[PDB]
Structures are given as C-alpha cells and as structure tokens.
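One file, coords.cif, carrying mmCIF, N, CA and C atoms and all ligand atoms:
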```
data_input
#
loop_
_atom_site.label_atom_id
_atom_site.label_comp_id
_atom_site.auth_asym_id
_atom_site.auth_seq_id
_atom_site.Cartn_x
_atom_site.Cartn_y
_atom_site.Cartn_z
N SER P 7 144.05 206.39 -2.60
CA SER P 7 143.88 207.76 -2.09
C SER P 7 144.49 207.92 -0.69
N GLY P 8 144.70 209.17 -0.27
CA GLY P 8 145.28 209.45 1.04
C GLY P 8 146.17 210.67 1.04
N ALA P 9 146.21 211.41 2.16
CA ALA P 9 147.03 212.63 2.23
C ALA P 9 147.70 212.84 3.61
N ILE P 10 148.69 213.78 3.71
CA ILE P 10 149.31 214.15 4.99
C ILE P 10 148.87 215.58 5.31
N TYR P 11 148.32 215.80 6.50
CA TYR P 11 147.87 217.14 6.90
C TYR P 11 148.78 217.62 8.00
N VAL P 12 149.70 218.55 7.67
CA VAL P 12 150.66 219.12 8.62
C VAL P 12 150.58 220.63 8.55
N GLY P 13 150.17 221.26 9.65
CA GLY P 13 149.99 222.71 9.71
C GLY P 13 149.00 223.18 8.66
N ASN P 14 149.34 224.24 7.91
CA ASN P 14 148.45 224.70 6.84
C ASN P 14 148.80 224.08 5.45
N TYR P 15 149.28 222.82 5.45
CA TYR P 15 149.64 222.12 4.21
C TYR P 15 148.97 220.75 4.11
N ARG P 16 148.74 220.32 2.87
CA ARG P 16 148.20 219.03 2.53
C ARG P 16 149.20 218.41 1.53
N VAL P 17 149.77 217.23 1.84
CA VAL P 17 150.71 216.58 0.93
C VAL P 17 149.99 215.44 0.25
N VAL P 18 150.01 215.39 -1.07
CA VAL P 18 149.36 214.34 -1.86
C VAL P 18 150.28 213.86 -3.00
N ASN P 19 149.96 212.69 -3.63
CA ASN P 19 150.65 212.21 -4.84
C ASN P 19 150.34 213.26 -5.94
N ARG P 20 151.36 213.74 -6.67
CA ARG P 20 151.14 214.76 -7.70
C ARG P 20 150.16 214.27 -8.78
N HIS P 21 150.20 212.97 -9.14
CA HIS P 21 149.28 212.45 -10.17
C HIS P 21 147.82 212.33 -9.70
N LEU P 22 147.58 212.51 -8.41
CA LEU P 22 146.24 212.41 -7.86
C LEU P 22 145.67 213.76 -7.35
N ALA P 23 146.43 214.87 -7.50
CA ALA P 23 146.05 216.21 -7.03
C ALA P 23 144.77 216.72 -7.69
N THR P 24 143.94 217.46 -6.93
CA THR P 24 142.66 218.00 -7.41
C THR P 24 142.81 219.42 -8.04
N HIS P 25 141.71 219.99 -8.57
CA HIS P 25 141.70 221.35 -9.11
C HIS P 25 142.00 222.34 -7.99
N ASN P 26 141.44 222.09 -6.78
CA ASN P 26 141.64 222.92 -5.59
C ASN P 26 143.10 222.88 -5.14
N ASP P 27 143.77 221.72 -5.25
CA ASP P 27 145.19 221.55 -4.90
C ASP P 27 146.05 222.41 -5.83
N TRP P 28 145.74 222.41 -7.13
CA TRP P 28 146.49 223.22 -8.10
C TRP P 28 146.17 224.73 -7.95
N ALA P 29 144.96 225.08 -7.52
CA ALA P 29 144.59 226.48 -7.32
C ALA P 29 145.27 227.10 -6.08
N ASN P 30 145.66 226.26 -5.11
CA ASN P 30 146.32 226.69 -3.89
C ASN P 30 147.69 226.01 -3.76
N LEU P 31 148.41 225.87 -4.87
CA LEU P 31 149.68 225.22 -4.91
C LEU P 31 150.74 225.95 -4.12
N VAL P 32 151.57 225.20 -3.37
CA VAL P 32 152.72 225.77 -2.70
C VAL P 32 153.99 225.28 -3.47
N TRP P 33 154.07 223.98 -3.73
CA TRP P 33 155.22 223.36 -4.36
C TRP P 33 154.81 222.03 -5.00
N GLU P 34 155.41 221.70 -6.14
CA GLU P 34 155.16 220.41 -6.80
C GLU P 34 156.45 219.93 -7.49
N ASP P 35 156.65 218.61 -7.60
CA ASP P 35 157.82 218.01 -8.24
C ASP P 35 157.43 216.70 -8.92
N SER P 36 157.36 216.70 -10.27
CA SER P 36 157.02 215.52 -11.07
C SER P 36 158.00 214.38 -10.83
N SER P 37 159.32 214.69 -10.71
CA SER P 37 160.31 213.62 -10.50
C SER P 37 160.16 212.93 -9.15
N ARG P 38 159.47 213.54 -8.17
CA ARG P 38 159.19 212.88 -6.88
C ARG P 38 157.74 212.38 -6.76
N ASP P 39 156.84 212.74 -7.70
CA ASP P 39 155.40 212.44 -7.67
C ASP P 39 154.77 213.15 -6.46
N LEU P 40 155.24 214.37 -6.09
CA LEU P 40 154.65 215.09 -4.94
C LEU P 40 154.02 216.44 -5.29
N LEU P 41 153.01 216.83 -4.53
CA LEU P 41 152.38 218.13 -4.67
C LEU P 41 151.93 218.57 -3.27
N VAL P 42 152.22 219.81 -2.89
CA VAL P 42 151.79 220.35 -1.60
C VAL P 42 150.85 221.54 -1.82
N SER P 43 149.69 221.53 -1.17
CA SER P 43 148.75 222.64 -1.30
C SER P 43 148.38 223.25 0.08
N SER P 44 147.99 224.54 0.09
CA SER P 44 147.63 225.20 1.33
C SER P 44 146.22 224.84 1.76
N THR P 45 145.96 224.90 3.07
CA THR P 45 144.66 224.60 3.68
C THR P 45 144.32 225.68 4.70
N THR P 46 143.04 225.84 5.01
CA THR P 46 142.61 226.85 5.98
C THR P 46 142.53 226.24 7.39
N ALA P 47 142.10 224.98 7.48
CA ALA P 47 142.05 224.28 8.75
C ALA P 47 143.48 223.83 9.07
N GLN P 48 143.83 223.81 10.36
CA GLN P 48 145.15 223.40 10.82
C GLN P 48 145.23 221.87 10.91
N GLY P 49 146.31 221.30 10.40
CA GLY P 49 146.60 219.87 10.47
C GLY P 49 147.41 219.53 11.71
N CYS P 50 147.55 218.24 12.03
CA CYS P 50 148.26 217.86 13.25
C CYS P 50 149.12 216.60 13.13
N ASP P 51 149.51 216.21 11.89
CA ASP P 51 150.40 215.05 11.72
C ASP P 51 151.83 215.46 12.01
N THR P 52 152.57 214.61 12.69
CA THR P 52 153.98 214.86 12.98
C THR P 52 154.84 214.22 11.89
N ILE P 53 155.76 214.97 11.27
CA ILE P 53 156.66 214.40 10.27
C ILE P 53 157.91 213.91 10.99
N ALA P 54 158.39 212.70 10.68
CA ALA P 54 159.64 212.20 11.26
C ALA P 54 160.83 212.96 10.64
N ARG P 55 161.86 213.16 11.41
CA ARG P 55 163.12 213.78 11.01
C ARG P 55 164.17 212.76 11.52
N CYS P 56 164.47 211.74 10.70
CA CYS P 56 165.28 210.58 11.08
C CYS P 56 165.85 209.86 9.84
N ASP P 57 166.61 208.77 10.05
CA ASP P 57 167.01 207.90 8.93
C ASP P 57 166.57 206.44 9.19
N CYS P 58 165.35 206.24 9.75
CA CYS P 58 164.78 204.92 10.05
C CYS P 58 164.64 204.11 8.76
N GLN P 59 164.93 202.82 8.81
CA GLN P 59 164.70 201.95 7.65
C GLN P 59 163.66 200.86 7.92
N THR P 60 162.85 200.99 9.01
CA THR P 60 161.75 200.09 9.41
C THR P 60 160.53 200.97 9.79
N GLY P 61 159.33 200.48 9.52
CA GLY P 61 158.11 201.21 9.78
C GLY P 61 156.85 200.41 9.47
N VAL P 62 155.70 201.07 9.47
CA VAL P 62 154.39 200.48 9.23
C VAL P 62 153.67 201.35 8.20
N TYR P 63 153.13 200.70 7.18
CA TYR P 63 152.37 201.38 6.15
C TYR P 63 150.89 200.87 6.12
N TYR P 64 149.95 201.72 5.69
CA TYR P 64 148.56 201.33 5.58
C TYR P 64 148.24 200.87 4.14
N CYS P 65 147.66 199.67 3.99
CA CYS P 65 147.35 199.14 2.66
C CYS P 65 145.83 199.01 2.48
N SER P 66 145.21 200.03 1.83
CA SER P 66 143.77 200.07 1.61
C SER P 66 143.24 198.87 0.85
N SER P 67 144.01 198.28 -0.08
CA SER P 67 143.56 197.08 -0.81
C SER P 67 143.37 195.83 0.08
N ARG P 68 143.86 195.87 1.32
CA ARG P 68 143.65 194.79 2.28
C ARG P 68 143.03 195.26 3.59
N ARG P 69 142.77 196.58 3.77
CA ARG P 69 142.26 197.16 5.02
C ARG P 69 143.16 196.73 6.22
N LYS P 70 144.50 196.77 6.02
CA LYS P 70 145.47 196.30 7.01
C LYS P 70 146.75 197.14 6.97
N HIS P 71 147.40 197.28 8.13
CA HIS P 71 148.70 197.92 8.29
C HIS P 71 149.73 196.77 8.33
N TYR P 72 150.87 196.96 7.68
CA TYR P 72 151.91 195.93 7.58
C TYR P 72 153.26 196.48 8.01
N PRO P 73 154.04 195.73 8.82
CA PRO P 73 155.41 196.20 9.14
C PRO P 73 156.34 195.92 7.94
N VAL P 74 157.28 196.84 7.64
CA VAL P 74 158.18 196.72 6.49
C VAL P 74 159.59 197.19 6.81
N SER P 75 160.56 196.62 6.11
CA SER P 75 161.94 197.07 6.08
C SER P 75 161.99 197.83 4.75
N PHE P 76 162.60 199.03 4.71
CA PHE P 76 162.63 199.77 3.45
C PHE P 76 164.00 200.39 3.16
N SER P 77 164.29 200.65 1.87
CA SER P 77 165.58 201.18 1.48
C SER P 77 165.70 202.69 1.72
N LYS P 78 166.92 203.24 1.62
CA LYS P 78 167.16 204.68 1.76
C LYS P 78 166.67 205.43 0.49
N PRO P 79 166.21 206.69 0.62
CA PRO P 79 165.70 207.41 -0.57
C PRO P 79 166.69 207.47 -1.73
N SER P 80 166.22 207.10 -2.93
CA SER P 80 167.09 207.05 -4.10
C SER P 80 166.32 207.19 -5.44
N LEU P 81 167.07 207.27 -6.55
CA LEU P 81 166.54 207.37 -7.91
C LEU P 81 166.24 205.97 -8.35
N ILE P 82 164.98 205.67 -8.70
CA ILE P 82 164.57 204.33 -9.10
C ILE P 82 163.72 204.42 -10.37
N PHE P 83 163.98 203.53 -11.35
CA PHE P 83 163.24 203.51 -12.62
C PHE P 83 161.78 203.06 -12.46
N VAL P 84 160.85 203.84 -13.03
CA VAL P 84 159.42 203.59 -12.95
C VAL P 84 158.82 203.50 -14.35
N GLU P 85 158.16 202.37 -14.63
CA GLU P 85 157.47 202.06 -15.89
C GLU P 85 156.47 203.15 -16.29
N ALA P 86 156.37 203.43 -17.60
CA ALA P 86 155.45 204.45 -18.13
C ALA P 86 154.00 204.17 -17.72
N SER P 87 153.24 205.22 -17.46
CA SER P 87 151.84 205.16 -17.05
C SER P 87 151.03 206.25 -17.78
N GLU P 88 149.71 206.33 -17.50
CA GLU P 88 148.87 207.39 -18.07
C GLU P 88 149.19 208.78 -17.47
N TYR P 89 150.04 208.84 -16.43
CA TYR P 89 150.40 210.10 -15.79
C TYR P 89 151.81 210.54 -16.15
N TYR P 90 152.73 209.58 -16.34
CA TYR P 90 154.12 209.91 -16.59
C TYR P 90 154.75 209.02 -17.63
N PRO P 91 155.74 209.53 -18.38
CA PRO P 91 156.49 208.63 -19.29
C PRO P 91 157.53 207.80 -18.48
N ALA P 92 158.23 206.85 -19.12
CA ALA P 92 159.24 206.04 -18.41
C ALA P 92 160.36 206.96 -17.91
N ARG P 93 160.63 206.93 -16.59
CA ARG P 93 161.58 207.86 -15.99
C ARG P 93 162.18 207.34 -14.67
N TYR P 94 163.20 208.05 -14.12
CA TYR P 94 163.72 207.74 -12.79
C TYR P 94 162.97 208.67 -11.82
N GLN P 95 162.36 208.11 -10.78
CA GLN P 95 161.69 208.90 -9.75
C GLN P 95 162.67 209.04 -8.61
N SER P 96 162.88 210.26 -8.12
CA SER P 96 163.83 210.51 -7.04
C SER P 96 163.15 210.45 -5.66
N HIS P 97 163.99 210.32 -4.59
CA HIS P 97 163.56 210.26 -3.20
C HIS P 97 162.57 209.09 -2.99
N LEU P 98 162.75 207.98 -3.72
CA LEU P 98 161.85 206.82 -3.62
C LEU P 98 162.48 205.72 -2.75
N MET P 99 161.67 205.11 -1.88
CA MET P 99 162.09 204.04 -0.96
C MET P 99 161.34 202.72 -1.23
N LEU P 100 162.06 201.59 -1.50
CA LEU P 100 161.33 200.32 -1.74
C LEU P 100 161.27 199.36 -0.51
N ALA P 101 160.21 198.53 -0.46
CA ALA P 101 159.95 197.48 0.54
C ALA P 101 159.26 196.28 -0.11
N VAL P 102 159.44 195.10 0.48
CA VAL P 102 158.77 193.88 0.04
C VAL P 102 157.42 193.96 0.75
N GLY P 103 156.35 194.00 -0.03
CA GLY P 103 155.01 194.11 0.52
C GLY P 103 153.94 194.22 -0.54
N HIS P 104 152.68 194.00 -0.13
CA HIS P 104 151.57 194.10 -1.04
C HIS P 104 151.18 195.55 -1.34
N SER P 105 150.91 195.82 -2.61
CA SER P 105 150.39 197.07 -3.09
C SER P 105 149.74 196.86 -4.47
N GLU P 106 148.74 197.66 -4.77
CA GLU P 106 148.08 197.69 -6.06
C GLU P 106 147.69 199.14 -6.37
N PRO P 107 147.52 199.57 -7.66
CA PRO P 107 147.15 200.99 -7.90
C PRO P 107 145.79 201.22 -7.26
N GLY P 108 145.73 202.25 -6.46
CA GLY P 108 144.61 202.50 -5.57
C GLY P 108 145.13 202.60 -4.14
N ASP P 109 146.32 201.99 -3.85
CA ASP P 109 146.99 202.10 -2.57
C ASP P 109 147.81 203.38 -2.41
N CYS P 110 148.05 204.14 -3.51
CA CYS P 110 148.78 205.42 -3.48
C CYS P 110 148.16 206.36 -2.43
N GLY P 111 148.97 207.02 -1.63
CA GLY P 111 148.46 207.91 -0.59
C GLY P 111 148.44 207.32 0.81
N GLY P 112 148.59 206.00 0.93
CA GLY P 112 148.69 205.34 2.22
C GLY P 112 149.96 205.79 2.93
N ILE P 113 149.84 206.14 4.20
CA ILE P 113 150.95 206.66 4.97
C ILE P 113 151.85 205.56 5.48
N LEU P 114 153.16 205.84 5.46
CA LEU P 114 154.23 205.04 6.05
C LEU P 114 154.70 205.83 7.30
N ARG P 115 154.86 205.13 8.44
CA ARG P 115 155.25 205.72 9.70
C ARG P 115 156.27 204.87 10.42
N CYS P 116 157.17 205.53 11.14
CA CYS P 116 158.10 204.93 12.08
C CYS P 116 157.68 205.50 13.46
N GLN P 117 158.42 205.17 14.54
CA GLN P 117 158.14 205.72 15.87
C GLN P 117 158.22 207.28 15.91
N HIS P 118 159.03 207.89 15.02
CA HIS P 118 159.22 209.36 15.01
C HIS P 118 158.12 210.13 14.28
N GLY P 119 157.23 209.42 13.58
CA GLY P 119 156.16 210.04 12.83
C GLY P 119 156.02 209.61 11.37
N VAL P 120 155.44 210.50 10.55
CA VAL P 120 155.21 210.28 9.12
C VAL P 120 156.50 210.31 8.32
N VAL P 121 156.78 209.22 7.60
CA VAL P 121 157.97 209.07 6.77
C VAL P 121 157.67 209.44 5.28
N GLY P 122 156.52 208.99 4.80
CA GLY P 122 156.15 209.24 3.42
C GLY P 122 154.85 208.57 3.03
N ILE P 123 154.55 208.58 1.72
CA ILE P 123 153.30 208.00 1.20
C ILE P 123 153.51 207.04 0.04
N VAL P 124 152.64 205.98 -0.09
CA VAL P 124 152.70 204.99 -1.19
C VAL P 124 152.65 205.74 -2.52
N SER P 125 153.55 205.43 -3.45
CA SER P 125 153.65 206.12 -4.73
C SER P 125 153.85 205.19 -5.90
N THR P 126 154.57 204.05 -5.69
CA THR P 126 154.80 203.01 -6.73
C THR P 126 154.57 201.61 -6.10
N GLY P 127 154.61 200.55 -6.91
CA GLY P 127 154.49 199.17 -6.47
C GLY P 127 154.41 198.20 -7.63
N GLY P 128 154.31 196.91 -7.31
CA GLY P 128 154.18 195.86 -8.33
C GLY P 128 155.20 194.75 -8.16
N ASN P 129 154.86 193.54 -8.54
CA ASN P 129 155.76 192.39 -8.44
C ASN P 129 156.09 191.97 -7.00
N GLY P 130 155.20 192.26 -6.07
CA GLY P 130 155.43 191.96 -4.66
C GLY P 130 156.28 193.02 -3.98
N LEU P 131 156.41 194.22 -4.57
CA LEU P 131 157.17 195.32 -3.98
C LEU P 131 156.24 196.54 -3.76
N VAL P 132 156.66 197.52 -2.94
CA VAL P 132 155.93 198.74 -2.70
C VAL P 132 156.93 199.88 -2.59
N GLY P 133 156.63 201.00 -3.25
CA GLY P 133 157.46 202.18 -3.19
C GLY P 133 156.77 203.33 -2.48
N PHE P 134 157.56 204.10 -1.69
CA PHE P 134 157.10 205.23 -0.88
C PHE P 134 157.91 206.48 -1.20
N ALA P 135 157.20 207.59 -1.45
CA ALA P 135 157.80 208.88 -1.73
C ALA P 135 158.19 209.48 -0.38
N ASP P 136 159.50 209.65 -0.12
CA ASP P 136 159.99 210.21 1.14
C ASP P 136 159.58 211.68 1.32
N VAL P 137 159.27 212.12 2.57
CA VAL P 137 158.93 213.53 2.90
C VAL P 137 159.78 214.12 4.09
N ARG P 138 160.66 213.31 4.71
CA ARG P 138 161.46 213.74 5.88
C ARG P 138 162.45 214.91 5.64
N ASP P 139 162.91 215.11 4.39
CA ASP P 139 163.82 216.20 4.03
C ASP P 139 163.11 217.56 3.84
N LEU P 140 161.76 217.56 3.72
CA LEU P 140 160.99 218.79 3.51
C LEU P 140 160.78 219.49 4.83
N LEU P 141 161.86 220.11 5.36
CA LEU P 141 161.86 220.78 6.66
C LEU P 141 160.88 221.95 6.76
N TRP P 142 160.56 222.59 5.61
CA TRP P 142 159.64 223.74 5.58
C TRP P 142 158.20 223.38 5.93
N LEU P 143 157.83 222.09 5.86
CA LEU P 143 156.50 221.64 6.25
C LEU P 143 156.20 221.97 7.72
N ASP P 144 157.23 221.96 8.58
CA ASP P 144 157.10 222.22 10.00
C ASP P 144 157.15 223.69 10.32
N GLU P 145 158.01 224.44 9.62
CA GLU P 145 158.24 225.84 9.88
C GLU P 145 157.19 226.78 9.32
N1 LIG Y 1 154.61 207.20 -9.02
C1 LIG Y 1 154.26 206.79 -10.23
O1 LIG Y 1 154.87 207.14 -11.25
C2 LIG Y 1 153.06 205.86 -10.30
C3 LIG Y 1 151.87 206.54 -11.00
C4 LIG Y 1 150.66 205.62 -11.10
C5 LIG Y 1 151.05 204.29 -11.74
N2 LIG Y 1 152.16 203.68 -11.00
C6 LIG Y 1 152.13 202.47 -10.40
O2 LIG Y 1 153.11 202.02 -9.83
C7 LIG Y 1 150.87 201.57 -10.42
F1 LIG Y 1 149.76 202.31 -10.15
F2 LIG Y 1 150.69 201.09 -11.69
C8 LIG Y 1 150.98 200.44 -9.43
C9 LIG Y 1 151.01 199.12 -9.90
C10 LIG Y 1 151.06 198.04 -9.04
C11 LIG Y 1 151.07 198.23 -7.67
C12 LIG Y 1 151.03 199.51 -7.19
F3 LIG Y 1 150.99 199.72 -5.85
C13 LIG Y 1 151.00 200.61 -8.03
BR1 LIG Y 1 151.04 202.35 -7.26
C14 LIG Y 1 153.36 204.52 -10.98
ZN ZN Y 2 162.18 207.33 12.41
#
```

As structure tokens, please, write out the structure in this file.
Ligand SMILES: NC(=O)[C@H]1CCCN(C(=O)C(F)(F)c2cccc(F)c2Br)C1
Ligand SMILES: [Zn+2]
Amino acid sequence: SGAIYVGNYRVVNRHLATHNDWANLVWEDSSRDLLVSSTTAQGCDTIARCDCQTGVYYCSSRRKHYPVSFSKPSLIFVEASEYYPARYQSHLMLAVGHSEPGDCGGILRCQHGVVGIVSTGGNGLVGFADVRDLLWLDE
C-alpha cells in the first residue's frame, strides 16, 4: 500500500484503487498501472521534474529505505496476475532490489522529489511506475 498526495490529487496503483478513488476519478491508465483521484484536503509532496537514474525507495516488507540505480522509463513485459493479463506495462523503471507483493505504493525519490511508486517486482528486481512526465499534477 501507499500513495502520493500532491495538491488536490492522490496517485495510487490502479489495481489497488478504492471505490472512493473511482467515484472521484481524474485520470487512469491500465498500461501504466496508475489512477489519479481528487481530494478535498491539500497535499504537499513535491514531484521531481528530472532524468535522475539513482534514488531511494521505501520497502514495507523490510521496514527500510534502500538506495537504487534504476533504468529509464520504458515498455516492459509483466506476467499475468489476478488484476491484469500478460502485457507490456509502459513508463516502467527497473532496479536490483528487494520487493514482494504488498510493497506496491512505496515511494521512490531522488534529491528533486517524488519519482514514482513500486508497481512490479520479483527475482531480486523491483519495478517503479514513473510519474515525472505528468506535469498537470503541479498545475
Ligand atoms: N503492475 C502489475 O501489473 C502488478 C500487479 C500485481 C501483481 N504484480 C506483481 O509484480 C507481484 F505482485 F506479483 C509482485 C511479485 C513479486 C514482487 C513484487 F514486488 C511484486 Br509487486 C504485477
Ligand atoms: Zn531527480
């Protein structure tokens, strides 16, 4: 679990979105595993606007933050699950690191701010759904 609170928006994994998230939907994309919903309280997370390939992510399965080197956002094949069939997920970034299902929603950050959230993993790897291109989150 985990979310990004920026202004009047809440960013979550699309497969983990609530009834309230769908009732106040702003935008959603199955190919990215993202869903954005409106909120009444104001958020204060800063989103990075950069091309950093190093950062720190939070891993709830270990109660620890880990430094990681990660790839540039791209189309990567993801094994079928109870939420999605076998498909290519876009805007996905991989790193060598610990993750298990339940870690989805953990924030990845560089010095410039929030880069994205845990979305895939397995085999000693971790995938993060990028959010730096969503310029409308700030405006
Ligand atoms: N983005 C997706 O399509 C997800 C949906 C949920 C399922 N999924 C997974 O990767 C996962 F849960 F099985 C997983 C397995 C081992 C380590 C992990 F950190 C994770 Br996350 C794909
Ligand atoms: Zn950065």

Worksheet item: Residues at most 6.5 Å from residue 76 in chain P, counting only N, CA and C atoms, excluding those fewer than 3 positions away in the same chain, as a list in words?
Response: residues 59, 60, 61, 99, 100, 101 and 102 of chain P

At a cut-off of 7 Å around ligand LIG 1 (chain Y), and using only N, CA and C atoms and all ligand atoms, what residues come up? Please write them as a PDB file with N, CA and C atoms, keeping the file's coordinate frame.
```pdb
ATOM      1  N   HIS P  21     150.200 212.970  -9.140  1.00  0.00           N
ATOM      2  CA  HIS P  21     149.280 212.450 -10.170  1.00  0.00           C
ATOM      3  C   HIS P  21     147.820 212.330  -9.700  1.00  0.00           C
ATOM      4  N   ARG P  38     159.470 213.540  -8.170  1.00  0.00           N
ATOM      5  CA  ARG P  38     159.190 212.880  -6.880  1.00  0.00           C
ATOM      6  C   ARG P  38     157.740 212.380  -6.760  1.00  0.00           C
ATOM      7  N   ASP P  39     156.840 212.740  -7.700  1.00  0.00           N
ATOM      8  CA  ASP P  39     155.400 212.440  -7.670  1.00  0.00           C
ATOM      9  C   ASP P  39     154.770 213.150  -6.460  1.00  0.00           C
ATOM     10  N   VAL P  84     160.850 203.840 -13.030  1.00  0.00           N
ATOM     11  CA  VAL P  84     159.420 203.590 -12.950  1.00  0.00           C
ATOM     12  C   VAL P  84     158.820 203.500 -14.350  1.00  0.00           C
ATOM     13  N   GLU P  85     158.160 202.370 -14.630  1.00  0.00           N
ATOM     14  CA  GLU P  85     157.470 202.060 -15.890  1.00  0.00           C
ATOM     15  C   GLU P  85     156.470 203.150 -16.290  1.00  0.00           C
ATOM     16  N   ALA P  86     156.370 203.430 -17.600  1.00  0.00           N
ATOM     17  CA  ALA P  86     155.450 204.450 -18.130  1.00  0.00           C
ATOM     18  C   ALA P  86     154.000 204.170 -17.720  1.00  0.00           C
ATOM     19  N   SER P  87     153.240 205.220 -17.460  1.00  0.00           N
ATOM     20  CA  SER P  87     151.840 205.160 -17.050  1.00  0.00           C
ATOM     21  C   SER P  87     151.030 206.250 -17.780  1.00  0.00           C
ATOM     22  N   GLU P  88     149.710 206.330 -17.500  1.00  0.00           N
ATOM     23  CA  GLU P  88     148.870 207.390 -18.070  1.00  0.00           C
ATOM     24  C   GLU P  88     149.190 208.780 -17.470  1.00  0.00           C
ATOM     25  N   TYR P  89     150.040 208.840 -16.430  1.00  0.00           N
ATOM     26  CA  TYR P  89     150.400 210.100 -15.790  1.00  0.00           C
ATOM     27  C   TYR P  89     151.810 210.540 -16.150  1.00  0.00           C
ATOM     28  N   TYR P  90     152.730 209.580 -16.340  1.00  0.00           N
ATOM     29  CA  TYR P  90     154.120 209.910 -16.590  1.00  0.00           C
ATOM     30  C   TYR P  90     154.750 209.020 -17.630  1.00  0.00           C
ATOM     31  N   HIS P 104     152.680 194.000  -0.130  1.00  0.00           N
ATOM     32  CA  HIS P 104     151.570 194.100  -1.040  1.00  0.00           C
ATOM     33  C   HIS P 104     151.180 195.550  -1.340  1.00  0.00           C
ATOM     34  N   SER P 105     150.910 195.820  -2.610  1.00  0.00           N
ATOM     35  CA  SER P 105     150.390 197.070  -3.090  1.00  0.00           C
ATOM     36  C   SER P 105     149.740 196.860  -4.470  1.00  0.00           C
ATOM     37  N   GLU P 106     148.740 197.660  -4.770  1.00  0.00           N
ATOM     38  CA  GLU P 106     148.080 197.690  -6.060  1.00  0.00           C
ATOM     39  C   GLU P 106     147.690 199.140  -6.370  1.00  0.00           C
ATOM     40  N   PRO P 107     147.520 199.570  -7.660  1.00  0.00           N
ATOM     41  CA  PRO P 107     147.150 200.990  -7.900  1.00  0.00           C
ATOM     42  C   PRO P 107     145.790 201.220  -7.260  1.00  0.00           C
ATOM     43  N   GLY P 108     145.730 202.250  -6.460  1.00  0.00           N
ATOM     44  CA  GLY P 108     144.610 202.500  -5.570  1.00  0.00           C
ATOM     45  C   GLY P 108     145.130 202.600  -4.140  1.00  0.00           C
ATOM     46  N   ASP P 109     146.320 201.990  -3.850  1.00  0.00           N
ATOM     47  CA  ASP P 109     146.990 202.100  -2.570  1.00  0.00           C
ATOM     48  C   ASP P 109     147.810 203.380  -2.410  1.00  0.00           C
ATOM     49  N   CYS P 110     148.050 204.140  -3.510  1.00  0.00           N
ATOM     50  CA  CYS P 110     148.780 205.420  -3.480  1.00  0.00           C
ATOM     51  C   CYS P 110     148.160 206.360  -2.430  1.00  0.00           C
ATOM     52  N   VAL P 124     152.640 205.980  -0.090  1.00  0.00           N
ATOM     53  CA  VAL P 124     152.700 204.990  -1.190  1.00  0.00           C
ATOM     54  C   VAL P 124     152.650 205.740  -2.520  1.00  0.00           C
ATOM     55  N   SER P 125     153.550 205.430  -3.450  1.00  0.00           N
ATOM     56  CA  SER P 125     153.650 206.120  -4.730  1.00  0.00           C
ATOM     57  C   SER P 125     153.850 205.190  -5.900  1.00  0.00           C
ATOM     58  N   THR P 126     154.570 204.050  -5.690  1.00  0.00           N
ATOM     59  CA  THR P 126     154.800 203.010  -6.730  1.00  0.00           C
ATOM     60  C   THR P 126     154.570 201.610  -6.100  1.00  0.00           C
ATOM     61  N   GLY P 127     154.610 200.550  -6.910  1.00  0.00           N
ATOM     62  CA  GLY P 127     154.490 199.170  -6.470  1.00  0.00           C
ATOM     63  C   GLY P 127     154.410 198.200  -7.630  1.00  0.00           C
ATOM     64  N   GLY P 128     154.310 196.910  -7.310  1.00  0.00           N
ATOM     65  CA  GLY P 128     154.180 195.860  -8.330  1.00  0.00           C
ATOM     66  C   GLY P 128     155.200 194.750  -8.160  1.00  0.00           C
ATOM     67  N   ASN P 129     154.860 193.540  -8.540  1.00  0.00           N
ATOM     68  CA  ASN P 129     155.760 192.390  -8.440  1.00  0.00           C
ATOM     69  C   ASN P 129     156.090 191.970  -7.000  1.00  0.00           C
ATOM     70  N   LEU P 131     156.410 194.220  -4.570  1.00  0.00           N
ATOM     71  CA  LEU P 131     157.170 195.320  -3.980  1.00  0.00           C
ATOM     72  C   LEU P 131     156.240 196.540  -3.760  1.00  0.00           C
ATOM     73  N   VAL P 132     156.660 197.520  -2.940  1.00  0.00           N
ATOM     74  CA  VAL P 132     155.930 198.740  -2.700  1.00  0.00           C
ATOM     75  C   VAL P 132     156.930 199.880  -2.590  1.00  0.00           C
ATOM     76  N   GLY P 133     156.630 201.000  -3.250  1.00  0.00           N
ATOM     77  CA  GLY P 133     157.460 202.180  -3.190  1.00  0.00           C
ATOM     78  C   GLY P 133     156.770 203.330  -2.480  1.00  0.00           C
TER      79      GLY P 133
END
```

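Among all protein and nucleic acid residues, the ones that lie within 6.5 Å of ligand ZN 2 (chain Y) when counting all atoms listed in the file are residues 54, 55, 56, 57, 58, 59, 116, 117, 118 and 119 of chain P.
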
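Closest approach to residue 79 in chain P among P:52, P:30, P:7, P:96 is made by P:96 (distances from only N, CA and C atoms).
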
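CA of residue 92 in chain P is found 25.8 Å from atom C of residue 9 in chain P.
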
Worksheet entry | Who sits within 7 Å of residue 65 in chain P, all atoms listed in the file, same chain under 3 positions skipped, as a PyMOL selection string | chain P and resi 68-72+104-105+109+112-113

Worksheet item: For residue 103 in chain P, which residue out of P:62, P:140, P:135, P:123 is the nearest one, using only C-alpha atoms?
Response: P:62

Near residue 143 in chain P, counting all atoms listed in the file, which residues have an atom at most 8 Å away, once you skip same-chain residues fewer than 6 positions from it, shown as an mmCIF file with N, CA and C atoms, keeping the file's coordinate frame?
```
data_model
loop_
_atom_site.group_PDB
_atom_site.id
_atom_site.type_symbol
_atom_site.label_atom_id
_atom_site.label_comp_id
_atom_site.auth_asym_id
_atom_site.auth_seq_id
_atom_site.Cartn_x
_atom_site.Cartn_y
_atom_site.Cartn_z
ATOM 1 N N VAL P 12 149.700 218.550 7.670
ATOM 2 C CA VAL P 12 150.660 219.120 8.620
ATOM 3 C C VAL P 12 150.580 220.630 8.550
ATOM 4 N N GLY P 13 150.170 221.260 9.650
ATOM 5 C CA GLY P 13 149.990 222.710 9.710
ATOM 6 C C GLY P 13 149.000 223.180 8.660
ATOM 7 N N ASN P 14 149.340 224.240 7.910
ATOM 8 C CA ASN P 14 148.450 224.700 6.840
ATOM 9 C C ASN P 14 148.800 224.080 5.450
ATOM 10 N N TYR P 15 149.280 222.820 5.450
ATOM 11 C CA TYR P 15 149.640 222.120 4.210
ATOM 12 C C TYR P 15 148.970 220.750 4.110
ATOM 13 N N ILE P 53 155.760 214.970 11.270
ATOM 14 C CA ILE P 53 156.660 214.400 10.270
ATOM 15 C C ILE P 53 157.910 213.910 10.990
#
```

Item to complete: For each of P:33, P:28, P:11, P:63, take the minimum atom-to-atom distance to residue 51 in chain P, counting all atoms listed in the file, then give the residue where this is smallest.
Response: P:11

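Reported to one decimal place, the separation of atom N of residue 16 in chain P from CA of residue 45 in chain P is 6.0 Å.
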
Item to complete: Determine which residues of chain P DSSP labels as strand (DSSP E) from the backbone of this structure, then write them out as number ranges by chain.
Response: P: 10-12, 15-19, 31-35, 40-44, 60-65, 70-75, 80-84, 93-102, 113-116, 119-128, 131-136

Worksheet item: How would you write, as number ranges by chain, the set of residues in chain P that DSSP gives as alpha helix (DSSP H)?
Response: P: 25-29
